[PDB]
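Student: Based on what follows, work out the 3D shape:
(chains A, B, C, D, E and F)
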Amino acid sequence: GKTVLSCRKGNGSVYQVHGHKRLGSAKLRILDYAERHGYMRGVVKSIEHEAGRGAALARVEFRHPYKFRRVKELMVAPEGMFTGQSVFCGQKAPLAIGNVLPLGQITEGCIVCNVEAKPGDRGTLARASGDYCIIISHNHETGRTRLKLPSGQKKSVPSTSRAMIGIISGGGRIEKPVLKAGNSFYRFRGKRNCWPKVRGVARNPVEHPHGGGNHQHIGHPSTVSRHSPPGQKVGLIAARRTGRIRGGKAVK
RNA sequence: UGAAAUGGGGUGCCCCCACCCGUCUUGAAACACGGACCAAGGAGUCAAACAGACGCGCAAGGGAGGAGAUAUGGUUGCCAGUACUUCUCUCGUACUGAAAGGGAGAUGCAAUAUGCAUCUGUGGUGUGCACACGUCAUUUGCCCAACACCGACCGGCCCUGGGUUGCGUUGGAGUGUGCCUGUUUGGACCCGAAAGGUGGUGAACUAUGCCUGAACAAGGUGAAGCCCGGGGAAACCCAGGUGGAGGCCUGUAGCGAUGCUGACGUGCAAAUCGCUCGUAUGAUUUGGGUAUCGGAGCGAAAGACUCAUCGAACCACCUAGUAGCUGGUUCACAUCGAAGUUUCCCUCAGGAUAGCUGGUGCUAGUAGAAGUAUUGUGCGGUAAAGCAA
RNA sequence: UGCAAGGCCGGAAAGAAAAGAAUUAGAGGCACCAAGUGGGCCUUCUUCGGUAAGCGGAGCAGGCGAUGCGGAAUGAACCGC
RNA sequence: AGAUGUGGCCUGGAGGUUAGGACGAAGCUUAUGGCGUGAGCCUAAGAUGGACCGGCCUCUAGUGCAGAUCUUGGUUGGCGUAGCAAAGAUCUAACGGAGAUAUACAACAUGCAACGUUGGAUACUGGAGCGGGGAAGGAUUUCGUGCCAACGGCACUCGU
RNA sequence: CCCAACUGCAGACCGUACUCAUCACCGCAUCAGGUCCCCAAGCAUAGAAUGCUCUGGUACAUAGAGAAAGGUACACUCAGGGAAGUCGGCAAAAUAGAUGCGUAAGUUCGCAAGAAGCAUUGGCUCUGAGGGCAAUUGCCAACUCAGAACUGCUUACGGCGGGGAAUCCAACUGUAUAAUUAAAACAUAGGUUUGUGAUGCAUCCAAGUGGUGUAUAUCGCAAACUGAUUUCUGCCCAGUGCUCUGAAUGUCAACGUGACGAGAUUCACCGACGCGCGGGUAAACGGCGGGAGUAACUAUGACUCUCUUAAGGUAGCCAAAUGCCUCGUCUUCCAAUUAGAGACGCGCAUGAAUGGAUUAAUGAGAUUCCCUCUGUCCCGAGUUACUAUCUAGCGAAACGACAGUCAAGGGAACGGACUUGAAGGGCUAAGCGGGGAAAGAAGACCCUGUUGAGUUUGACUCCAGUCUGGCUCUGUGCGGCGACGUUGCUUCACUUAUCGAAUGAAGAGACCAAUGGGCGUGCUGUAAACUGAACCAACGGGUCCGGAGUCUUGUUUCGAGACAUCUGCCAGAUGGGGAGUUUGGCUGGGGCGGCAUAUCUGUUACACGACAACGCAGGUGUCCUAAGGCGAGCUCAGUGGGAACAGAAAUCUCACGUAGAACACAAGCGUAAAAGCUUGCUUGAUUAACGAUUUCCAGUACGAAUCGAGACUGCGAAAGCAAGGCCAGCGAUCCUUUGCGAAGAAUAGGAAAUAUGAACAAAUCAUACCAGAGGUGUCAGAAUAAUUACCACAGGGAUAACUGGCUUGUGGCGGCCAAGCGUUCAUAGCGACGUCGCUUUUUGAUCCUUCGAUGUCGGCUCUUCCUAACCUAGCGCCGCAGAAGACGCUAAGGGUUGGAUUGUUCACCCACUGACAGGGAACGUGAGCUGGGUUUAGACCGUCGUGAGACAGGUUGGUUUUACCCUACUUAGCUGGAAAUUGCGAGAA
RNA sequence: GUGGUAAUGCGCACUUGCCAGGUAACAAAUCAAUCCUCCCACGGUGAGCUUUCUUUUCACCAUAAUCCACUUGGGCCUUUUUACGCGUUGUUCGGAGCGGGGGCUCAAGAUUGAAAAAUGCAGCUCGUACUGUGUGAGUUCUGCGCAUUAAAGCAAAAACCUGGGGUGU
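Tutor: Numbering: from 1, shown residues only, chains lettered A, B, ... in the order given. Provided below are the atomic coordinates:
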């Protein structure tokens, strides 16, 4: 029959990021010679809001290390980062909220956000509003640093990786009930075409494996194998557990 | 020499007779289906393989095909024909075995794991045109064709002289062509599907996202914050204003489309109209641009929608798709004239097969005659009877 | 020289008497090619299932189907033909 | 149902043969008869036609129609019938125009209805307009003169 | 050369009309549909509502005459009653603006709410209050509100809510089947679960250093389920899924390795994910029991026992949209209640995110009562515009074999035509909807077809995707385990292949020097932060070199690294995500059942043979080295007399014993010194040269059988008997597979040696010829699961669902006889056991007509007919005193009701009445209506199914088209005519 | 280049060598409200009505671009110090400088002139000359944004502009 809707999102026709009103990507400053052997000092020129992001971004204005010009970097602001602040980024940079240190220089148990999982990555992780890592221990022989992240899993990043001290801006967002279909409207408007979402048992059998009839019901177990082909994987994909978690929630 | 007369023709009438055609059908005048009129079109063809009738040539031989050669090395043409030709090719004269291989006459003598001689001859027997010599239709002779019973001989396989086996022989009958009928495949007598396949065109209708513009009369209710006063030991609690919140209410435009099961229902209209009704600051309505489409698109999900087409669009093609199914199938007269049963089939609306039927016949016109008697001789367990067997 | 068989050669042959003691619009026999049909239905008599049926299923035959014509006012099949 | 026969009827053509025709060929029409059981043939008449064509033997095929919800063209009864009923509606005078005031012992009883423009009357739209300007789409519909064949489902003298 | 104010010259290209719509565009057209933007007057009024009007623009939509019925309406009214109408208050009426007072239960405290309800309102003449400005005083604008006196109402434009008591469902706004469904369905907020740290999860993609979520980073992204709040979410991990291990040693492919052999071939071992084993998981798919006894009357069973499961439905809830029985039972509502509400619960078949229970507000959702109101109704009547009607102009289509009056008969069983009768003069205008089994559309229902299509899965057959193994990519060094110096594997340290990332490839490494080659580590600045500036060298040294270290066995840098998510091929597992196709037949329609599909005995079967049914009564797929073969001896079932225990029944004995026994089995037939029984010896149950024949039949095959000829035999003295057990017990082509063709000889292929691999020859291998086996049971022999209510096509009345026809079991109605009832007395009135009929208002049975179509329940309306008579008329009879009534006769002229509940027909109750009789007319009556029911597409529940989906269960919503033709009928005109038009053919109530 | 304590005023140069920032650039509701429309007031010209009434009813009364020289609202400076005071219809503000005096600047106007009456309109005269020329209801231009609910925070770039630095030196 017809192709499932989870497969049609894979074309990217209507379902792409909207992202027009967005300001561009948010990254840490480039890793330079100064970044590695010293620190570069900028100043926070503003704090604003991407459409479709829950955090709060920052235009931080460094001076160009080489030519005569002034470069503006856009990074995800920590919690108490205020306009006019001076942000230090580099190896010599002191340990303070918003400064960016190489993650091997930071104490033992510090709170860290916006980590880069690869030394030059300009940060990929702990970037979502309110989220932070916890760096655990530095391994001085192998040159690694172990840290938990937000999902509870504990990873090991090469300690030349950089990091930004302090939790991410937004906080909450989630703790507040939406209350109406209406507030969910511009919710995703800045994000994607995710919504509203018809559940599978309602739609006809061509379109979905759940597409049954007399009584809305799946008719066959909803847990699906890992090796199931696209258009078949639907519902709970290789579930180890199912139903209420009564005690436990081991990190997934 | 104008007429008379018989026949044919026309129109009306009387007595009488008389259901509407084609069709499927056990059964049609049917309340079974096609059917207003006419003109002009309109359906067993062409090709190939095989066969049997019938016409023709030739005959243990027949016949080419392709090409060549000249009259023609000519002629606008009549000539793309006719005339001519061979070694070959091919169907035959011989068949048999899985194959290696083998491979056919008669008579006499005669029995020799290849016997020997002769060569004017049906291998023998029964039945059998014509002919011949007789006889009162028929005796004998030879018997042609042909039917039947046998033997011999060739090939296979055999038992131990015998069994059998071939689409074998036993003084050849083929071959070429015409024509007809019947199989067969091809569009295949003509018209007819729901479908299937390759390749293109569509988001002007409509689904959804995005860029950038536009729009929402008049009222009702009266959230936060703010201002004044009152109460209280405190904490806080009461009252009057202001303020103008909401996928809030009434109500235009707008966007919709509930009820009349109203009008209309060969319309104003291939979905419209009238009053009534839903919502009308929001998940709102809307213009232009732009993005995602065919086993795919998009979907607040109804199999919705994708240009009057959607449980798989549109266009051209494969495609005159296949149909055991429905419909049609155009001149006359004459001689004849059925079947719905048997057996087998994924067979039961169909076929093949025997039967019924026609055509061509062959054969010495009473033969091997009979849906019937009589005589003789066999067979039998129904009707009746019996339960005192 | 009995019996089996294939013959040969002779014999006779109301060509089948008499007894009711046959009859025939009795040319026998063989062959090739091929069509249509393979839904039937009705009736005397026999007949099975059914309460029965203008029901269902057979037997021996005759009809309609395919065929009118005369008759039973009318009727596929009855009666006569 | 089916099989076959015919010195058996018709049709377009090819090989032959024998004829016809401007003194009238094919075609066409007829209460035109004659012949054949029949398909059909043949003659007569045309106050039809205007140039081709018949018989007979043989060959040949895109060769014979009443029926397919057959194809195409035409016609036809139904029938001067259904109907031409949303958006209120027109009236009068003078002038235009072929469209009249149209007559073999007065005028009505014997030329009906309808058209345009101007003036007057009455009425509708009722500023979310049968008001004035643009996009999409159309592309000469705009404008003046002439004009009424067809076209504006009635009518025009008016008109896109 | 720049700047400033002037001046001089030049200023190109394309569109430009008109239209933007009741005529300029799209809708076949000048079509009541659709189509973006701008400007927008006066008065009433809250006003862009609605009504009228000045500017602008129009009089174009075919008209005229005009009182028929019937209609349509953006038109009204109605005495008395007031929902009795009806499926149902459908439609209409009703309510109504503003101001003041007033306002319930319930509640998420927001509402409910305009709840409900009461009252005021005009006109006129006055009065008060509400301000600005200028220097207490002076001058002025624009409106609103309140109060009073007088006076009036015919309650009087437009516009503008009826309201209340409850149940079911969804929380709400929203979306949603363009053109039959607007809902309870979808969405939603809220809840939960699953995958996932980027070399990732989901996933597009034929393919790439390809693409999407991702401009992202667990408060994220992806995939499901549930559907606000409140209150809760119980038990089951056996099954099917998903998943996790290792202590998972079984099994599975290729490669890899080794061995016999001349070799192909062959064999052994090694060999992953998966499967198996072992766990986990239900807000994964789902599931959640029976029987008996027992308490001081009875009834119930807290309580015992018992069977049994993975667990035995917990909290709740209910004849509810889920309850068959069922119109459940009780209470309430009403005169009356198949409806509604509240209860009850052994619940056919309620139940917990397949969500349970509640739930204020909300609803073009479903239902029931109440007030108000009414032409819905009793019961209809009058008026209006536009029609129809007549006219002027214009002018179609549907349809059409031919046609058109009936009754009865038969017929294809429901005629316009035929048969026998009764009507019938012709032509016409408006109506009407009985008929033309009227018109539309090659029945959509049903069956059939060796036709499909959409979906589903545990079908058959495969394909992508995902995973897994091997080789490869693929390098270097010291080693460790193995194997027979080499090689398999492998730890670790490396870096150039390769992979991941970043950067404008922007500063690597070294100098600090070895296992190399021929102090510190590139270093002005900061140490919580709280917005300044920095460029195009100053300068030093001899135009160069510094300032600004030099060097390069060389990567742009970082991470990983010979690994895998790298590359390619080979190999397996998974795999409805996707493809192709299939999903027997017969059949008193199909389905379910059966087997009448291949078959054997008796019967039907009609004294040869043959003969049907889903006719009757039974069998077959096997069993037997003896139950086969043979010779010999014997006699069986049973009965009777007699014999220790010992009897009805043990064993012995005698007599009788026509088979009454037996023979593997169904049945039939046959058999007595046997064909039975006992016993002996045995393998005729082998081979049998291609013999013939029967049975079925086409005179084909198969199966089975009969008669033979040959070989070697068995038993018997012998004659003879035996090639299985008589007769049912079974199998094509192709393919696979086994047996026979031993050795030896032949001077040559013969009488006698099996042939082939085709240029020869050997040994393998393969094949051939002959006879057997592996099997098709649908048995003359395909390889095969579902659903369609989203459905399609070709046809069928060869075949179901209506009517009609035959039949009448069944239903209904009646007769005959007379056992008995009736205290008595068969028959006043009844009438058993029997028995004979009728009717066609029941249901069957059949399948004759109709499938290129006869509109398929009930009510309303309307007419007519029948009589088996309820009332009405007349009468007989009685267990008839009267009154009331029973039974019967003639008789169908007349009459036969108002309601509650139900879609109902049927049924029940209320009420009236002289009575509330039973029926027919295509189960009369849909171009007459209505559309509640059934019978579609949407949707919910229960039960069933893994699933799509089903249900003759429940529920809500779901288009009702055409008449102008012919006849009929109802009225309305014209007009001939007696030889019924002519003949002159002549008849006087 | 140059004045003012200052907000900033006045008209030798070049700067797209380079850099930095602005304009372009987007935003509810309430209140006030521009052009303009309507209505009223004043009264000039013609017309309508007239039996009666109506100092009456109707129409018109206009000034384009361009360029010159008091009011309202905001930002700000100096001065005197304020901790209760200023202010809106309105949810405010101040020692990080309220209020008062005096000033600077910006936005929207008003006013007087250039254009410009030579035009337009109406009336009238014998195809001409003359005559005439509001504290009201609407109104989105504007005040007005770091500006709306917001798990919604509301495009970008040419082109221009000023400055930094420099050139002139």
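
Student: Near RNA strand F, which residues of chain A? Just list them.
Tutor: Neighbours of RNA strand F within chain A, by C-beta under 7 Å from any atom of the strand: A:20-21, A:46, A:48-49, A:51-52, A:54, A:68-70, A:173-174, A:176-178, A:183, A:186-187, A:189-190. (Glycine included, C-beta is placed from N, CA and C.)

Student: Which ones among the residues you listed map onto helices?
Tutor: Per DSSP state H, helices hold no members of those.

Student: so how many other residues sit close to residue A:104?
Tutor: 20 (other C-beta atoms under 10 Å).

Student: one step back: return only those of the residues of chain A next to RNA strand F found close to RNA strand E.
Tutor: A:20, A:54, A:68, A:173-174, A:177-178, A:183.

Student: neighbour-wise, which of those leads?
Tutor: residue A:54 (16 neighbours).

Student: Look up how far residue A:201 lies from the closest residue to RNA strand F within chain A.
Tutor: Distances between chain A and RNA strand F by C-beta to the nearest atom of the strand are smallest at residue A:186, namely 2.9 Å. Distance, residue A:186 to residue A:201, by C-beta to C-beta, to the nearest Å: 29 Å.

Student: looking at chain A, which residue lies furthest from center?
Tutor: residue A:214 (42.1 Å; C-alpha atoms, centre = their mean).

Student: Name the SS class of that one, please.
Tutor: Counting by DSSP: H, G, I helix; E, B strand; the rest coil, the backbone at residue A:214 sits in coil.

Student: Just give me the longest strand of chain A.
Tutor: strand A:39-48 (DSSP state E).

Student: Give me the buried positions along the next helix or strand after it.
Tutor: Sequence order places strand A:57-61 as the next helix or strand after strand A:39-48, per DSSP states H and E. By neighbour count on 16 or more other C-beta atoms under 10 Å, the buried set for strand A:57-61 is A:57-60.

Student: could you pull out the strands for chain A?
Tutor: A:39-48, A:57-61, A:72-76, A:86-90, A:100-102, A:111-113, A:133-139, A:144-147, A:155-158, A:162-165, A:223-224, A:236-237.

Student: Please produce CSV containing those, extended by distance to residue A:252.
Tutor: Shown next, in CSV, are the strands of chain A (distance: least, C-beta to C-beta, whole Å):
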stretch, distance to residue A:252
strand A:39-48, 34
strand A:57-61, 30
strand A:72-76, 25
strand A:86-90, 34
strand A:100-102, 30
strand A:111-113, 22
strand A:133-139, 17
strand A:144-147, 18
strand A:155-158, 14
strand A:162-165, 24
strand A:223-224, 15
strand A:236-237, 12
